[PDB]
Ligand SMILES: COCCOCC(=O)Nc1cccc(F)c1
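Before any questions on how it binds or moves, here is one chain, the form deposited without the named molecule, in structure tokens.
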């Protein structure tokens, strides 16, 4: 495998381990992965980190009642670019009415970028992904990892 491919696999493993940990504990999370549409405008609304990814940092970021836990984490490749970022809120009628701001923000950014956003519900622990204006809910650990590997 090339170094880029191995680095990508490490990042996926870090993300999936963090998301799985948060889902089990009902830790709300909002994690947007930049793709080909640049997200600089939104990255600049948060606290800059420019940090190497780890499952441990991702978890620490979203612990409730902490400085960094509200708003989105935005990733660029293997790095956490910024935390506590603003994303636009979708007005889509296909967002389940019981869902809160994190899900509406994820769908919102997915309507104006090709990014992939992962959401952990603080109510249920359910894991969802927003992509291209669609929200896919109640993902298994395997489905999430397969979505990341495919993207």
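Positions refer to the first chain, counted from 1.
Another form, the form deposited with the named molecule bound, is not on view; read the next lines as being about it.
Proximity of residue 19 to the named molecule in the deposited complex: non-hydrogen atoms within 4.5 Å are present.
At a distance threshold of 4.5 angstroms between non-hydrogen atoms, residue 23 is in contact with the named molecule in the deposited complex. Among heavy atoms of residue 140, some come within 4.5 Å of the named molecule in the deposited complex.
Remark: residue 127 counts among the residues lining the named molecule in the deposited complex, judged by a heavy atom distance of 4.5 Å or less.
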